[PDB]
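Participant: Quick one: structure below, then a few questions.
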Amino acid sequence: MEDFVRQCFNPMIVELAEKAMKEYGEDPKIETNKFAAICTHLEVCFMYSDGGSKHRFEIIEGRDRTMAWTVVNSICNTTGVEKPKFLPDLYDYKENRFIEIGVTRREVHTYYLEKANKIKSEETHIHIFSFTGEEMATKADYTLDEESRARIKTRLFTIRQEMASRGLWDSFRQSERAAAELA
Amino acid sequence: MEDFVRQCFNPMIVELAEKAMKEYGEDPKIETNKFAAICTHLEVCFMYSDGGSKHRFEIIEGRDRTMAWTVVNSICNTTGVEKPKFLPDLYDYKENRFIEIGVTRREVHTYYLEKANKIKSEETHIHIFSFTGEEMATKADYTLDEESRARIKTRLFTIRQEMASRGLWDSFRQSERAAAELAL
Amino acid sequence: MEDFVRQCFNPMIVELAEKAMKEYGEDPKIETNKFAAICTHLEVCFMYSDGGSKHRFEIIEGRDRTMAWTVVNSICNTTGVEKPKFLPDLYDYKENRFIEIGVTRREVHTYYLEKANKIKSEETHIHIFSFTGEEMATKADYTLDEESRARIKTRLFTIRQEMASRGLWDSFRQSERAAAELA
Amino acid sequence: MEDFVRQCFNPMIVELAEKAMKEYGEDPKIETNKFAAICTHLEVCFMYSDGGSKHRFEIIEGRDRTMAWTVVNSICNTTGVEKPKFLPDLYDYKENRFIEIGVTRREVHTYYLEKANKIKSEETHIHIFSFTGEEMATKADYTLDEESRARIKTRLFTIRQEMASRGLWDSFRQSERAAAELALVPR
Ligand SMILES: Cc1nnc(C(=O)NC(C)(C)c2nc(C(=O)NCc3ccc(F)cc3)c(O)c(=O)n2C)o1
Ligand SMILES: Cc1nnc(C(=O)NC(C)(C)c2nc(C(=O)NCc3ccc(F)cc3)c(O)c(=O)n2C)o1
Ligand SMILES: Cc1nnc(C(=O)NC(C)(C)c2nc(C(=O)NCc3ccc(F)cc3)c(O)c(=O)n2C)o1
Ligand SMILES: Cc1nnc(C(=O)NC(C)(C)c2nc(C(=O)NCc3ccc(F)cc3)c(O)c(=O)n2C)o1
Ligand SMILES: [Mn+2]
Ligand SMILES: [Mn+2]
Ligand SMILES: [Mn+2]
Ligand SMILES: [Mn+2]
Ligand SMILES: [Mn+2]
Ligand SMILES: [Mn+2]
Ligand SMILES: [Mn+2]
Ligand SMILES: [Mn+2]
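Chains as they are written, first to last, in PDB author numbering: chain B, 1 to 50, 50A to 50C, 73 to 202; chain A, 1 to 50, 50A to 50C, 73 to 203; chain D, 1 to 50, 50A to 50C, 73 to 202; chain C, 1 to 50, 50A to 50C, 73 to 206.
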């Protein structure tokens, strides 16, 4: 599963995920499913930022924590938007709102409910993707046009097929359900 | 003809064509006309995908066949379009449809007829270009704007002229008319 | 402060600022605050030119003085616009006007009034940014859309935050105030 | 003048101009004014092709004559537009027409009328720039928006200024008026 992750995502995303996981004390060679999931979330965030006009999104995910909070503080002090309690994934300059991007192998309704109850702020926009082609956004406001989101969903289903053809899909799908049924 | 093919198309297209023809058991050095035709079809598909907005098209032609079918499956599952019986060339995320692209040295109406009768799927769009400047699309819906299609046609006619100035056009034009009579 | 400037701005801007300071007889190693100010103004000008269409702005700032005046004369002779008395920072081909860009650590309107009374031109547009998210432009015409200006403001606030975190913001803010009171 | 040309235009344009001058049996070291003129014309054609959107212009100038005529063949046979009798500079896929671009140190309308009487083509669009900022196009259809043409004119005036600052502008401007009067002499 580790060699698959290193062959499936580009080395920059792999390096960013390795750094983010070593920061939380987790191991790429052991917790390979979390490695894959973090790589997937990063690729989705980057494709999402690429979906709009050139200057539309400020990328928060993928940065170092302190610098990410610095950019969040700058955005809040210059636009007047409330500071989120948890680090978001993007900022939308066009719609003037923070975006929390989610990718799940689970039920999309349950994941959206979990994230919405975790955020509790009436500002941060939520947008969930899944490996089955479903997506759910705050107020059904999907931010991007249909082409960008469809590309993201196609990439996700391709990742799922690639995992299934080598027999890693079942364990990867049950890993996220294991972190929610245990933690 | 083989040296002409290697000089006329960029090395990435030539590499892709050689890999496809070795996948289908053919020889670039012997059947140089099909070498040229596959390079031409690949170039047309690429200009076509470049004709629209940034990421309007998913490119299926030019891939390993297994990965091509994987991408087709992903598209079909995330959008709901029916899975084609034959590998198409592009997928249009804007109009939500697969595109089969044809480049023919023969009469265009006949080529479109054979393509549409082989596809049978009432969803896969068909777009045919010729070496004379004539094009033909399903429902006269040409997908791209006039300028991109005109660039494609200009490039096709330039290929035809470069072939003819070397005495290679007659054999190339009869290569397709011969394999069409042999298949029957 | 010098190391912070060299690690905070990309080497092209740092080199242009070093050239601008050596041309005026100043030393970046000892006048580090003005080093930072020149780097910041250059970055803002370059972000501003990137704010519109690909070929909308002629960049006047960041050149050799003689070549910049040559380009100014060319613009004036081909468009008929009045030649400015001081080198501006940009030329807007869409609105057909020169642009003076300012970045101040004081109030935007004081700086605007000073610059306007200095240039004494009814044609040259003036656009002032601050390190606190405020902006002031001639006739309230901000040239660019909200997204590009918001990007610029966010970057300015991030620079201010980095300075503050290193304990250099106070001296940088009081340096501009100490230079104006000398006149 | 030759050093100025070599340091004023980017190396690709200098190479193209040298190739064209040798193709016409002329020495860029001796005929430095014509050297600069070819360089300026090529740069203007390239900025012009940039001025539009992505797939608008087929660039004809800058190619060798055989392939240029081959591309004009392809365009005429796939679009139905008329055969130009002389090699034009660009082809506009949006407006579906060939474009002849001229850059003159003389009066713009004099140059336009000379070119339009030479080519005598009903479809070939003509667009003339000068080193003073004047421009003139067929039916006042300038093809590009105002910003692109303004950039072109600004660059032309900058070239004029750089030439005059070096003492080369007077000879450059008298070069074109000396070649036009010579062409009007059958004797
Ligand atoms: C519901 C539900 N089910 N699983 C989760 C969940 O949160 N899982 C993790 C931790 C793996 C996660 N993390 C981040 C992230 O950015 N974390 C860094 C951070 C640090 C501090 C701070 F305040 C906020 C965020 C994501 O973006 C993200 O999509 N996920 C899934 O939520
Ligand atoms: C009518 C008519 N006249 N000639 C043909 C014709 O089909 N000729 C060939 C075979 C040379 C061809 N092939 C493909 C292609 O992609 N094939 C690979 C594939 C593999 C598996 C699968 F299920 C379907 C297709 C093209 O795209 C293409 O344009 N052509 C012309 O049709
Ligand atoms: C009010 C108020 N408070 N401080 C200033 C102020 O002007 N500060 C300086 C001198 C540091 C400054 N300079 C230039 C510039 O271009 N200088 C070089 C130049 C000037 C004139 C000319 F004709 C040719 C070249 C800027 O662009 C710029 O933004 N600033 C801030 O204004
Ligand atoms: C009137 C009037 N006043 N000066 C001229 C003029 O034509 N000057 C030259 C020759 C320097 C010129 N040449 C080409 C060009 O492409 N030449 C290639 C070619 C040669 C022979 C042939 F029959 C057709 C084309 C240009 O594009 C161009 O802009 N110019 C200015 O016209
Ligand atoms: Mn996150
Ligand atoms: Mn997230
Ligand atoms: Mn195909
Ligand atoms: Mn095809
Ligand atoms: Mn300036
Ligand atoms: Mn300024
Ligand atoms: Mn020409
Ligand atoms: Mn010309």
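Note that CB positions come from ideal geometry on N, CA and C, so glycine has one too.
(1) If we count the other Cβ atoms within 10 Å of its Cβ and call it buried at 16 or more, is C/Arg-84 buried or exposed?
(2) Beta-carbon within less than 6 Å of D/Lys-172's beta-carbon, same chain only, minus the 5 sequence neighbours each way: which residues are those?
(3) Flag B/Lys-137 as yes when its Cβ comes closer than 7 Å to any non-hydrogen atom of ligand 1, and as no otherwise.
(4) For the alpha helix (DSSP H) that C/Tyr-24 lies in, which residues bound it at each end?
(5) Using only the heavy atoms of ligand 1, determine whether one of them is closer than 7 Å to the beta carbon of B/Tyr-110.
(6) Taking the alpha-carbon positions, what's the A/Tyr-131 to A/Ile-145 distance?
(7) What are the partner residues of C/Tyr-110, as DSSP defines its beta bridges?
(8) So, at 6 Å on beta carbons, what are the nonlocal neighbours of A/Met-1 in its own chain, with the 5 sequence-adjacent residues on each side left out?
(9) Taking only three categories from DSSP, how would you classify D/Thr-151?
(10) Return the chain-ordered list of same chain residues with a C-beta closer than 8 Å to the C-beta of D/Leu-109, the five sequence neighbours on each side being excluded.
(11) Closer than 8 Å is the cut-off here; do at least three beta carbon pairs connect the region 37-44 of chain C with the region 3-22 of chain C?
(12) Report yes if the C-beta of B/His-128 is less than 7 Å from at least one heavy atom of ligand 3; otherwise report no.
(13) B/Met-86: buried (16+ other C-beta within 10 angstroms of its C-beta) or exposed?
(14) Please classify A/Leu-175: is it buried, with 16 or more other beta-carbons within 10 angstroms of its beta-carbon, or exposed?
(15) B/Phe-150: which of A/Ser-93, A/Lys-73 and A/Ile-38 sits nearest, CA to CA?
(16) Mind checking the region 109-126 of chain A against chain B and listing, in chain order, the residues whose C-beta falls within less than 9 Å of any C-beta there?
(17) Taking 8 Å as the threshold (beta carbon to beta carbon), is C/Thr-32 in contact with chain D?
(18) Near C/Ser-194, what residues of its chain come up, given a Cβ to Cβ distance below 6 Å and the 5 sequence neighbours on each side ignored?
(19) On the premise that A/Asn-115 lies in contact with A/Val-100, defined as a C-beta separation below 8 Å, what is that separation, rounded to the nearest angstrom?
(20) Any heavy atom of ligand 8 within a distance shorter than 7 Å of the CB on C/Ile-94?
(21) Count the other CB atoms, across all protein chains shown, that sit within 10 Å of the CB of D/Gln-180; report buried if there are 16 or more and exposed otherwise.
(22) Can you tell me where the alpha helix (DSSP H) with A/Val-90 in it begins and where it stops?
(23) Which of the residues in the region 90-101 of chain C, read from start to end, lie with their CB under 8 Å from any CB of chain A?
(24) Quick one: residues in its chain with C-beta nearer than 8 Å to the C-beta of residue 212 of chain A, no 5 flanking neighbours on either side, listed in chain order?
(25) Please check the pair B/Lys-113 and D/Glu-154, which I expect to be a contact at CB under 8 Å, by giving their CB distance rounded to whole angstroms.
(26) Please determine whether the Cβ atom of D/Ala-17 lies at a distance below 7 Å from any heavy atom of ligand 4.
(27) Give me the residue from D/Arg-170, D/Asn-136, D/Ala-197 and D/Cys-8 with the minimum Cα distance to D/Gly-50B.
(28) Name the chain C residues whose beta carbon is nearer than 8 Å to that of A/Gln-180?
(29) Just to confirm, does B/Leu-106 get its C-beta within under 7 Å of one of the non-hydrogen atoms of ligand 5?
(30) Going by DSSP, what residue range makes up the alpha helix (DSSP H) through B/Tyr-130?
(31) Please list, in chain order, all residues of the same chain as D/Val-122 whose beta carbon is under 8 Å from its beta carbon, the five residues on each side excluded.
(32) Which residues does DSSP pair with D/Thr-123 in a beta bridge?
(33) Please find out if some non-hydrogen atom of ligand 5 comes closer than 7 Å to the beta-carbon of B/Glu-165.
(34) Kindly list, in the order they appear in chain A, the residues whose Cβ is closer than 8 Å to that of C/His-144.
(35) Along the chain, where does the alpha helix (DSSP H) that runs through C/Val-204 open and close?
Facilitator: Here's the rundown:
(1) Working through the fourth sequence from its first residue, we reach residue 84 of chain C at position 65. C/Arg-84 is exposed by the Cβ-count criterion.
(2) As a working mapping, residue 172 of chain D is identified with position 153 in the third sequence. Answer for D/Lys-172: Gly-152, listed in chain order.
(3) If you number the first sequence from 1, residue 137 of chain B lands on position 118. B/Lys-137 Cβ: within cutoff of ligand 1.
(4) Residue mapping note: residue 24 of chain C aligns to position 24 of the fourth sequence, counting from 1. That residue, C/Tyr-24, is in no alpha helix (DSSP H); it is neither H nor E in DSSP.
(5) In the first sequence, counting from the first residue as 1, residue 110 of chain B sits at position 91. No, since every heavy atom of ligand 1 falls outside the 7 Å radius drawn around the Cβ of B/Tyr-110.
(6) The residue you call residue 131 of chain A lines up with position 112 of the second sequence. The residue you call residue 145 of chain A lines up with position 126 of the second sequence. Those two C-alpha atoms are separated by around 8 Å.
(7) On the fourth sequence, position 91 is the one that residue 110 of chain C refers to. C/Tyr-110 pairs with C/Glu-77 and C/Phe-117.
(8) On the second sequence, residue 1 of chain A is found 1 positions in, with the first residue counted as 1. If the five residues before and after A/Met-1 are omitted, its C-beta is found closer than 6 Å to the C-beta atoms of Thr-32 and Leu-187, all from its own chain and listed in chain order.
(9) Stepping through the third sequence from its first residue, residue 151 of chain D is reached at position 132. Three-state result, D/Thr-151: coil.
(10) Mapped onto the third sequence, residue 109 of chain D falls at position 90. Contacts found: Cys-45, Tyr-48, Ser-49, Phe-76, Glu-77, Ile-78, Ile-79, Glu-80, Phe-117, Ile-118 and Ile-120.
(11) As far as the Cβ criterion goes, the region 37-44 of chain C touches the region 3-22 of chain C, which means the pair count is three or higher.
(12) In the first sequence, residue 128 of chain B corresponds to position 109, counting from 1. B/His-128 Cβ: outside cutoff for every heavy atom of ligand 3.
(13) Within the first sequence, residue 86 of chain B is the residue found at index 67, counting from 1. Label assigned to B/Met-86: exposed.
(14) Within the second sequence, numbered from 1, the residue matching residue 175 of chain A stands at position 156. It counts as buried.
(15) Here the question's residue 150 of chain B lines up with position 131 in the first sequence. The residue with the shortest Cα to Cα distance from B/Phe-150 is A/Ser-93.
(16) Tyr-110, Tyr-112, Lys-113 and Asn-115
(17) Taking the first residue of the fourth sequence as 1, we reach residue 32 of chain C at position 32. No, its Cβ sits nowhere closer than 8 Å to a Cβ of chain D.
(18) Residue 194 of chain C sits at position 175 when you count from the first residue of the fourth sequence. So the list reads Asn-33, once near-sequence residues are dropped.
(19) Position 81 of the second sequence, counted from the first residue, corresponds to residue 100 of chain A. Position 96 of the second sequence, counted from the first residue, corresponds to residue 115 of chain A. Yes, A/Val-100 and A/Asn-115 are in contact; Cβ-Cβ is about 6 Å, under 8 Å.
(20) Reading the fourth sequence from its first residue, position 75 is the one you call residue 94 of chain C. C/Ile-94 Cβ: outside cutoff for every heavy atom of ligand 8.
(21) The residue you call residue 180 of chain D lines up with position 161 of the third sequence. The residue is buried, with at least 16 neighbouring Cβ atoms inside 10 Å.
(22) For the purposes of this step, residue 90 of chain A is identified with residue 71 of the second sequence, where counting begins at 1. Unbroken alpha helix (DSSP H) run through A/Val-90: 84-98.
(23) In summary, the residues of the region 90-101 of chain C whose CB is separated from some CB of chain A by less than 8 Å are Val-90, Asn-92, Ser-93, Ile-94, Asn-96, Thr-97 and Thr-98, in the order they occur in the chain.
(24) The displayed coordinates of chain A run from 1 to 203. Any statement about residue 212 of chain A would go beyond what the structure contains.
(25) Locating residue 113 of chain B in the first sequence gives position 94, counting from the first residue. Locating residue 154 of chain D in the third sequence gives position 135, counting from the first residue. Actually they do not touch by this definition, with Cβ atoms about 18 Å apart.
(26) Here residue 17 of chain D refers to the residue found at position 17 of the third sequence. D/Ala-17 has its Cβ no nearer than 7 Å to any heavy atom of ligand 4.
(27) For the purposes of this step, residue 50B of chain D is identified with residue 52 of the third sequence, where counting begins at 1. Of D/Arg-170, D/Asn-136, D/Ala-197 and D/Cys-8, the residue nearest in Cα terms is D/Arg-170.
(28) Position 161 of the second sequence, counted from the start, is the residue given in the question as residue 180 of chain A. Near A/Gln-180 (Cβ distances below 8 Å), the residues of chain C are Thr-89, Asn-92 and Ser-93.
(29) Within the first sequence, the letter at position 87 stands for residue 106 of chain B. For B/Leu-106, the CB falls within less than 7 Å of some heavy atom of ligand 5.
(30) One-based indexing of the first sequence puts residue 130 of chain B at position 111. Segment 127-138, the alpha helix (DSSP H) holding B/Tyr-130.
(31) Within the third sequence, numbered from 1, the residue matching residue 122 of chain D stands at position 103. If we look at D/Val-122 and ignore the five residues flanking it on each side, its Cβ neighbours are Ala-37, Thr-40, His-41, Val-44, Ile-147, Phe-148, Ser-149, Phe-150 and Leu-175.
(32) In the third sequence, counting from the first residue as 1, residue 123 of chain D sits at position 104. Answer by DSSP bridge pairing, in chain order: D/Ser-149.
(33) Position 146 of the first sequence, counting from 1, holds the residue named residue 165 of chain B. Answer for B/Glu-165: no, Cβ out of range of ligand 5.
(34) In the fourth sequence, the residue the question calls residue 144 of chain C occupies position 125. Here the premise fails: no neighbours, minimum Cβ distance about 16 Å.
(35) Sequence index remark: in the fourth sequence, residue 204 of chain C carries index 185 (1-based). Careful: C/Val-204 lies outside any alpha helix (DSSP H) and carries neither H nor E.
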